[PDB]
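Asks: Provided herewith: protein.cif, mmCIF, N, CA and C atoms.
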data_entry
#
loop_
_atom_site.label_atom_id
_atom_site.label_comp_id
_atom_site.auth_asym_id
_atom_site.auth_seq_id
_atom_site.Cartn_x
_atom_site.Cartn_y
_atom_site.Cartn_z
N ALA C 416 163.90 71.88 29.48
CA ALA C 416 164.14 73.30 29.75
C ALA C 416 162.83 74.07 29.86
N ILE C 417 161.93 73.86 28.91
CA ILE C 417 160.64 74.55 28.96
C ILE C 417 159.86 74.13 30.20
N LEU C 418 159.93 72.85 30.56
CA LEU C 418 159.23 72.37 31.74
C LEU C 418 159.77 73.03 33.01
N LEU C 419 161.09 73.21 33.08
CA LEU C 419 161.66 73.90 34.24
C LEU C 419 161.21 75.35 34.29
N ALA C 420 161.14 76.02 33.14
CA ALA C 420 160.61 77.38 33.12
C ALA C 420 159.16 77.40 33.61
N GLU C 421 158.38 76.40 33.20
CA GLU C 421 157.00 76.29 33.65
C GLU C 421 156.95 76.18 35.16
N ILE C 422 157.80 75.32 35.72
CA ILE C 422 157.83 75.09 37.15
C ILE C 422 158.18 76.38 37.88
N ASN C 423 159.16 77.12 37.36
CA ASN C 423 159.55 78.39 37.97
C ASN C 423 158.38 79.36 38.00
N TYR C 424 157.68 79.49 36.87
CA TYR C 424 156.57 80.44 36.78
C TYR C 424 155.47 80.07 37.77
N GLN C 425 155.14 78.78 37.84
CA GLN C 425 154.05 78.36 38.71
C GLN C 425 154.43 78.50 40.18
N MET C 426 155.71 78.30 40.51
CA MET C 426 156.16 78.57 41.87
C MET C 426 156.02 80.05 42.21
N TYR C 427 156.30 80.92 41.24
CA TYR C 427 156.08 82.35 41.46
C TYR C 427 154.62 82.63 41.79
N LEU C 428 153.70 82.01 41.06
CA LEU C 428 152.28 82.17 41.39
C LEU C 428 151.97 81.67 42.80
N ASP C 429 152.52 80.52 43.16
CA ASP C 429 152.27 79.96 44.49
C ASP C 429 152.70 80.93 45.57
N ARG C 430 153.87 81.55 45.39
CA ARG C 430 154.34 82.49 46.40
C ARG C 430 153.51 83.76 46.43
N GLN C 431 152.97 84.19 45.28
CA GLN C 431 152.04 85.32 45.31
C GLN C 431 150.80 85.00 46.13
N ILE C 432 150.26 83.79 45.96
CA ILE C 432 149.11 83.38 46.77
C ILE C 432 149.49 83.34 48.25
N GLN C 433 150.70 82.88 48.55
CA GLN C 433 151.15 82.85 49.94
C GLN C 433 151.23 84.25 50.53
N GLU C 434 151.71 85.21 49.74
CA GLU C 434 151.77 86.59 50.22
C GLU C 434 150.36 87.13 50.47
N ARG C 435 149.41 86.76 49.61
CA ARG C 435 148.02 87.12 49.87
C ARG C 435 147.53 86.54 51.19
N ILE C 436 147.88 85.28 51.46
CA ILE C 436 147.57 84.66 52.74
C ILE C 436 148.13 85.49 53.88
N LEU C 437 149.38 85.93 53.72
CA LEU C 437 150.04 86.70 54.77
C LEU C 437 149.28 87.99 55.04
N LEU C 438 148.88 88.68 53.98
CA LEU C 438 148.12 89.92 54.16
C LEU C 438 146.81 89.66 54.88
N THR C 439 146.09 88.61 54.49
CA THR C 439 144.81 88.31 55.14
C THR C 439 145.01 88.04 56.63
N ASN C 440 145.99 87.20 56.96
CA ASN C 440 146.22 86.86 58.36
C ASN C 440 146.63 88.09 59.16
N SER C 441 147.49 88.94 58.59
CA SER C 441 147.93 90.13 59.31
C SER C 441 146.77 91.08 59.55
N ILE C 442 145.90 91.27 58.55
CA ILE C 442 144.75 92.14 58.74
C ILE C 442 143.85 91.60 59.84
N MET C 443 143.62 90.29 59.85
CA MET C 443 142.79 89.69 60.88
C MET C 443 143.40 89.89 62.27
N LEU C 444 144.72 89.69 62.37
CA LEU C 444 145.39 89.86 63.66
C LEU C 444 145.29 91.30 64.14
N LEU C 445 145.47 92.26 63.23
CA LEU C 445 145.32 93.67 63.61
C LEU C 445 143.90 93.97 64.07
N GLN C 446 142.90 93.38 63.41
CA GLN C 446 141.52 93.57 63.85
C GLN C 446 141.33 93.04 65.26
N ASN C 447 141.86 91.85 65.54
CA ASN C 447 141.75 91.30 66.89
C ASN C 447 142.43 92.20 67.91
N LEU C 448 143.62 92.71 67.58
CA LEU C 448 144.36 93.53 68.54
C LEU C 448 143.68 94.87 68.77
N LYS C 449 143.06 95.43 67.73
CA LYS C 449 142.22 96.61 67.95
C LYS C 449 141.05 96.29 68.86
N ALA C 450 140.43 95.12 68.67
CA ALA C 450 139.37 94.70 69.57
C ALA C 450 139.88 94.51 70.99
N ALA C 451 141.18 94.30 71.16
CA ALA C 451 141.79 94.08 72.47
C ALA C 451 142.71 95.22 72.88
N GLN C 452 142.30 96.46 72.63
CA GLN C 452 143.12 97.60 72.99
C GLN C 452 143.24 97.71 74.51
N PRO C 453 144.41 98.08 75.02
CA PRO C 453 144.55 98.28 76.47
C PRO C 453 143.70 99.44 76.96
N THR C 454 143.26 99.33 78.20
CA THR C 454 142.41 100.34 78.83
C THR C 454 143.20 101.12 79.87
N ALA C 455 142.99 102.43 79.90
CA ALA C 455 143.68 103.31 80.83
C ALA C 455 142.92 103.49 82.14
N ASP C 456 141.80 102.79 82.32
CA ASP C 456 140.99 102.96 83.52
C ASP C 456 141.78 102.48 84.74
N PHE C 457 141.85 103.33 85.76
CA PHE C 457 142.45 102.99 87.05
C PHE C 457 141.33 103.05 88.09
N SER C 458 140.63 101.94 88.26
CA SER C 458 139.50 101.88 89.18
C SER C 458 139.96 101.42 90.57
N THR V 600 116.99 118.10 112.84
CA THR V 600 116.78 117.20 111.71
C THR V 600 118.05 116.50 111.27
N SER V 601 119.22 117.01 111.65
CA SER V 601 120.48 116.37 111.29
C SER V 601 120.63 115.00 111.94
N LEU V 602 119.85 114.71 112.97
CA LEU V 602 119.97 113.44 113.66
C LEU V 602 119.49 112.28 112.79
N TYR V 603 118.69 112.56 111.76
CA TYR V 603 118.22 111.54 110.83
C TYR V 603 118.84 111.68 109.45
N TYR V 604 119.91 112.47 109.32
CA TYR V 604 120.55 112.62 108.02
C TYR V 604 121.16 111.29 107.59
N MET V 605 120.90 110.90 106.35
CA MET V 605 121.39 109.64 105.82
C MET V 605 122.75 109.85 105.18
N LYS V 606 123.72 109.03 105.58
CA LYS V 606 125.11 109.23 105.19
C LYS V 606 125.39 108.62 103.82
N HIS V 607 126.50 109.05 103.23
CA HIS V 607 126.91 108.61 101.90
C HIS V 607 127.87 107.44 102.06
N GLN V 608 127.34 106.22 101.92
CA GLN V 608 128.16 105.03 102.05
C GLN V 608 129.01 104.81 100.80
N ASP V 609 130.15 104.14 101.00
CA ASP V 609 131.05 103.76 99.91
C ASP V 609 131.03 102.24 99.83
N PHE V 610 130.30 101.71 98.85
CA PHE V 610 130.16 100.27 98.70
C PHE V 610 131.35 99.69 97.95
N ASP V 611 131.96 98.66 98.52
CA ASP V 611 132.96 97.90 97.78
C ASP V 611 132.29 97.18 96.61
N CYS V 612 132.94 97.21 95.46
CA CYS V 612 132.33 96.74 94.22
C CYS V 612 133.09 95.54 93.67
N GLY V 613 132.33 94.57 93.16
CA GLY V 613 132.92 93.42 92.50
C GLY V 613 133.23 93.72 91.05
N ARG V 614 134.51 93.75 90.71
CA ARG V 614 134.94 94.12 89.36
C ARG V 614 134.60 92.99 88.41
N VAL V 615 133.48 93.12 87.70
CA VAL V 615 133.16 92.19 86.63
C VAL V 615 133.94 92.58 85.39
N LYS V 616 134.18 91.61 84.52
CA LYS V 616 134.99 91.82 83.32
C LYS V 616 134.29 91.18 82.14
N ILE V 617 133.79 91.99 81.21
CA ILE V 617 133.17 91.46 79.99
C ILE V 617 134.29 91.33 78.98
N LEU V 618 135.11 90.30 79.19
CA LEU V 618 136.07 89.67 78.28
C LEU V 618 137.25 90.55 77.87
N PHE V 619 137.12 91.88 77.96
CA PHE V 619 138.27 92.78 78.00
C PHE V 619 138.02 94.04 78.82
N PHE V 620 136.85 94.20 79.42
CA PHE V 620 136.41 95.47 79.98
C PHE V 620 136.18 95.32 81.47
N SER V 621 136.94 96.04 82.27
CA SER V 621 136.90 95.92 83.72
C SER V 621 136.08 97.06 84.30
N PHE V 622 135.02 96.71 85.03
CA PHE V 622 134.22 97.68 85.75
C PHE V 622 133.42 96.93 86.81
N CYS V 623 133.21 97.58 87.95
CA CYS V 623 132.47 96.98 89.05
C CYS V 623 131.10 97.64 89.14
N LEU V 624 130.06 96.85 88.89
CA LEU V 624 128.70 97.36 88.90
C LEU V 624 128.12 97.46 90.30
N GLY V 625 128.77 96.86 91.30
CA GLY V 625 128.27 96.98 92.65
C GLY V 625 128.27 98.41 93.14
N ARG V 626 129.38 99.12 92.92
CA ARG V 626 129.46 100.52 93.31
C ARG V 626 128.43 101.35 92.56
N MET V 627 128.26 101.08 91.26
CA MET V 627 127.29 101.82 90.48
C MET V 627 125.88 101.62 91.02
N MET V 628 125.48 100.37 91.24
CA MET V 628 124.14 100.10 91.75
C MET V 628 123.93 100.71 93.12
N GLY V 629 124.92 100.58 94.01
CA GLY V 629 124.81 101.16 95.33
C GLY V 629 124.69 102.67 95.29
N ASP V 630 125.71 103.35 94.77
CA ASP V 630 125.70 104.81 94.77
C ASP V 630 124.63 105.39 93.86
N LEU V 631 123.99 104.57 93.02
CA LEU V 631 122.80 105.05 92.31
C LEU V 631 121.57 104.92 93.19
N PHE V 632 121.18 103.68 93.52
CA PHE V 632 119.89 103.46 94.16
C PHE V 632 119.88 103.99 95.59
N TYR V 633 120.88 103.63 96.39
CA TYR V 633 120.86 104.09 97.77
C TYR V 633 121.24 105.56 97.88
N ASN V 634 122.25 106.00 97.13
CA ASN V 634 122.83 107.32 97.33
C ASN V 634 122.12 108.41 96.53
N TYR V 635 121.86 108.18 95.25
CA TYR V 635 121.30 109.22 94.41
C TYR V 635 119.80 109.08 94.19
N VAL V 636 119.16 108.08 94.79
CA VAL V 636 117.72 107.92 94.64
C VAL V 636 117.05 107.93 96.01
N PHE V 637 117.39 106.95 96.85
CA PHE V 637 116.77 106.86 98.17
C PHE V 637 117.23 108.00 99.07
N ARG V 638 118.54 108.25 99.09
CA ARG V 638 119.07 109.36 99.87
C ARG V 638 118.52 110.68 99.37
N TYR V 639 118.33 110.81 98.05
CA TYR V 639 117.72 112.02 97.52
C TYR V 639 116.34 112.23 98.13
N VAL V 640 115.49 111.20 98.08
CA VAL V 640 114.12 111.35 98.57
C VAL V 640 114.11 111.65 100.06
N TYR V 641 114.91 110.92 100.83
CA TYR V 641 114.94 111.15 102.28
C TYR V 641 115.44 112.54 102.62
N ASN V 642 116.52 112.98 101.98
CA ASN V 642 117.05 114.31 102.23
C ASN V 642 116.08 115.39 101.78
N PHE V 643 115.34 115.15 100.70
CA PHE V 643 114.33 116.10 100.25
C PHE V 643 113.23 116.26 101.29
N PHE V 644 112.74 115.13 101.81
CA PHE V 644 111.72 115.19 102.85
C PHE V 644 112.23 115.92 104.09
N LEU V 645 113.46 115.59 104.52
CA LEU V 645 114.02 116.24 105.70
C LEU V 645 114.25 117.73 105.48
N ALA V 646 114.72 118.09 104.29
CA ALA V 646 115.00 119.49 103.99
C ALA V 646 113.72 120.31 104.00
N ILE V 647 112.63 119.77 103.45
CA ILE V 647 111.35 120.45 103.58
C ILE V 647 110.95 120.52 105.05
N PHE V 648 111.11 119.41 105.77
CA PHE V 648 110.60 119.32 107.13
C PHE V 648 111.29 120.30 108.06
N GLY V 649 112.55 120.64 107.81
CA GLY V 649 113.22 121.58 108.69
C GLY V 649 112.44 122.87 108.90
#
In structure tokens, how does this file's structure come out?
Replies:
Amino acid sequence: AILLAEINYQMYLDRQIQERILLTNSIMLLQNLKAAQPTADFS
Amino acid sequence: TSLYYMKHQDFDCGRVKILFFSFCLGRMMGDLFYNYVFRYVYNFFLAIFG
């Protein structure tokens, strides 16, 4: 029983790290998309 | 003196693209050097000469 509680807690930590990964990737993608803003120039 | 007036040409420009930015430097180089530099000097000389 205690071991299963341990497993649950550590899985919670793993998912927190995964959410951190998600934030990092999303910020990077937004930076790229800002670098790739559409241009209104009609030449 | 109008018989030697230099006309304002419209140069077709090659649209270069620096990886997201579209602009044609041919028109810039043409309308700068020929139009706003050389044509300036020639028209200045002719305008004085009149």
Asks: Need to verify the contact set: residue 449 (chain C), 12 Å, only C-alpha atoms, exclusion of same-chain residues closer than 6 positions in sequence. Can you return it as a PyMOL selection string?
Replies: (chain C and resi 442-443) or (chain V and resi 619)
Asks: Just checking: using only N, CA and C atoms, which residue out of V:641, V:622, V:648, V:635 ends up closest to chain C?
Replies: V:622
Asks: Looking at V:649, V:625, V:613, V:606, which one is nearest to residue 637 (chain V), with distances taken over only C-alpha atoms?
Replies: V:606
Asks: Quote the spacing between CA of residue 456 (chain C) and CA of residue 611 (chain V) in Å to one decimal place.
Replies: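 Value for the CA of residue 456 (chain C)-CA of residue 611 (chain V) distance: 17.1 Å.
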Asks: Determine which residues of chain V receive a DSSP assignment of alpha helix (DSSP H), computed from the backbone, and state them as a list in words.
Replies: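 Matching residues for alpha helix (DSSP H) in chain V are residues 624, 625, 626, 627, 628, 638, 639, 640, 641, 642, 643, 644, 645, 646, 647 and 648 of chain V.
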Asks: Run DSSP on the backbone of this structure and report the residues of chain V it assigns to strand (DSSP E or B), as a list in words.
Replies: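 Result set for chain V (strand (DSSP E or B)): residues 614, 615, 616, 621, 622 and 623 of chain V.
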Asks: Just the selected residues (N, CA and C atoms), exported as a PDB file, in the coordinates of the input, please.
Replies:
ATOM      1  N   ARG V 614     134.510  93.750  90.710  1.00  0.00           N
ATOM      2  CA  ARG V 614     134.940  94.120  89.360  1.00  0.00           C
ATOM      3  C   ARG V 614     134.600  92.990  88.410  1.00  0.00           C
ATOM      4  N   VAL V 615     133.480  93.120  87.700  1.00  0.00           N
ATOM      5  CA  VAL V 615     133.160  92.190  86.630  1.00  0.00           C
ATOM      6  C   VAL V 615     133.940  92.580  85.390  1.00  0.00           C
ATOM      7  N   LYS V 616     134.180  91.610  84.520  1.00  0.00           N
ATOM      8  CA  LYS V 616     134.990  91.820  83.320  1.00  0.00           C
ATOM      9  C   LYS V 616     134.290  91.180  82.140  1.00  0.00           C
ATOM     10  N   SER V 621     136.940  96.040  82.270  1.00  0.00           N
ATOM     11  CA  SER V 621     136.900  95.920  83.720  1.00  0.00           C
ATOM     12  C   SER V 621     136.080  97.060  84.300  1.00  0.00           C
ATOM     13  N   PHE V 622     135.020  96.710  85.030  1.00  0.00           N
ATOM     14  CA  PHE V 622     134.220  97.680  85.750  1.00  0.00           C
ATOM     15  C   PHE V 622     133.420  96.930  86.810  1.00  0.00           C
ATOM     16  N   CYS V 623     133.210  97.580  87.950  1.00  0.00           N
ATOM     17  CA  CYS V 623     132.470  96.980  89.050  1.00  0.00           C
ATOM     18  C   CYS V 623     131.100  97.640  89.140  1.00  0.00           C
TER      19      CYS V 623
END
Asks: Name the residues that the PyMOL selection byres ((chain V and name CA) within 12 of (chain C and name CA)) pulls out of this structure, and write them as a count of residues only.
Replies: 14
Asks: I need the residue nearest residue 645 (chain V) from this list: V:633, V:607, V:628, V:600. Use only C-alpha atoms for the distance.
Replies: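 Between V:633, V:607, V:628, V:600, the residue approaching residue 645 (chain V) most closely is V:600.
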Asks: Go ahead and compute the interatomic distance for CA of residue 438 (chain C) and CA of residue 424 (chain C), in Å to one decimal.
Replies: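 Distance reported for this atom pair: 21.5 Å.
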Asks: Would you work out the distance separating atom N of residue 423 (chain C) from CA of residue 437 (chain C), expressed in Å to one decimal?
Replies: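 According to the coordinates, atom N of residue 423 (chain C) and CA of residue 437 (chain C) are separated by 21.9 Å.
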Asks: Compare V:610, V:616, V:605, V:627 by their minimum atom-to-atom distance to residue 642 (chain V), counting only C-alpha atoms, and give me the closest one.
Replies: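 Counting only C-alpha atoms, the residue closest to residue 642 (chain V) is V:605.
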Asks: Could you add the missing atoms to region 633-647 of chain V, up to N, CA, C and O atoms, and return them as an mmCIF file, keeping the file's coordinate frame?
Replies:
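Ended up saving to result_36.cif:
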data_model
loop_
_atom_site.group_PDB
_atom_site.id
_atom_site.type_symbol
_atom_site.label_atom_id
_atom_site.label_comp_id
_atom_site.auth_asym_id
_atom_site.auth_seq_id
_atom_site.Cartn_x
_atom_site.Cartn_y
_atom_site.Cartn_z
ATOM 1 N N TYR V 633 120.880 103.630 96.390
ATOM 2 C CA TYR V 633 120.860 104.090 97.770
ATOM 3 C C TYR V 633 121.240 105.560 97.880
ATOM 4 O O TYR V 633 120.625 106.308 98.653
ATOM 5 N N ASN V 634 122.250 106.000 97.130
ATOM 6 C CA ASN V 634 122.830 107.320 97.330
ATOM 7 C C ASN V 634 122.120 108.410 96.530
ATOM 8 O O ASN V 634 121.824 109.475 97.072
ATOM 9 N N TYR V 635 121.860 108.180 95.250
ATOM 10 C CA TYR V 635 121.300 109.220 94.410
ATOM 11 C C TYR V 635 119.800 109.080 94.190
ATOM 12 O O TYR V 635 119.217 109.900 93.474
ATOM 13 N N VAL V 636 119.160 108.080 94.790
ATOM 14 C CA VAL V 636 117.720 107.920 94.640
ATOM 15 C C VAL V 636 117.050 107.930 96.010
ATOM 16 O O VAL V 636 116.249 108.815 96.314
ATOM 17 N N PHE V 637 117.390 106.950 96.850
ATOM 18 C CA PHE V 637 116.770 106.860 98.170
ATOM 19 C C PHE V 637 117.230 108.000 99.070
ATOM 20 O O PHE V 637 116.423 108.642 99.745
ATOM 21 N N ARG V 638 118.540 108.250 99.090
ATOM 22 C CA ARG V 638 119.070 109.360 99.870
ATOM 23 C C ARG V 638 118.520 110.680 99.370
ATOM 24 O O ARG V 638 118.264 111.593 100.165
ATOM 25 N N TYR V 639 118.330 110.810 98.050
ATOM 26 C CA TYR V 639 117.720 112.020 97.520
ATOM 27 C C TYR V 639 116.340 112.230 98.130
ATOM 28 O O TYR V 639 116.039 113.303 98.657
ATOM 29 N N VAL V 640 115.490 111.200 98.080
ATOM 30 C CA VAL V 640 114.120 111.350 98.570
ATOM 31 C C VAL V 640 114.110 111.650 100.060
ATOM 32 O O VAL V 640 113.383 112.546 100.526
ATOM 33 N N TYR V 641 114.910 110.920 100.830
ATOM 34 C CA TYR V 641 114.940 111.150 102.280
ATOM 35 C C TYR V 641 115.440 112.540 102.620
ATOM 36 O O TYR V 641 114.849 113.235 103.459
ATOM 37 N N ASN V 642 116.520 112.980 101.980
ATOM 38 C CA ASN V 642 117.050 114.310 102.230
ATOM 39 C C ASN V 642 116.080 115.390 101.780
ATOM 40 O O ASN V 642 116.000 116.443 102.415
ATOM 41 N N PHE V 643 115.340 115.150 100.700
ATOM 42 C CA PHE V 643 114.330 116.100 100.250
ATOM 43 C C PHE V 643 113.230 116.260 101.290
ATOM 44 O O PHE V 643 112.840 117.380 101.652
ATOM 45 N N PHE V 644 112.740 115.130 101.810
ATOM 46 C CA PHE V 644 111.720 115.190 102.850
ATOM 47 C C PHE V 644 112.230 115.920 104.090
ATOM 48 O O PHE V 644 111.550 116.782 104.643
ATOM 49 N N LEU V 645 113.460 115.590 104.520
ATOM 50 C CA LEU V 645 114.020 116.240 105.700
ATOM 51 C C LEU V 645 114.250 117.730 105.480
ATOM 52 O O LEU V 645 114.025 118.542 106.381
ATOM 53 N N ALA V 646 114.720 118.090 104.290
ATOM 54 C CA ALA V 646 115.000 119.490 103.990
ATOM 55 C C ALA V 646 113.720 120.310 104.000
ATOM 56 O O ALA V 646 113.704 121.434 104.517
ATOM 57 N N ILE V 647 112.630 119.770 103.450
ATOM 58 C CA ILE V 647 111.350 120.450 103.580
ATOM 59 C C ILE V 647 110.950 120.520 105.050
ATOM 60 O O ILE V 647 110.539 121.576 105.557
#
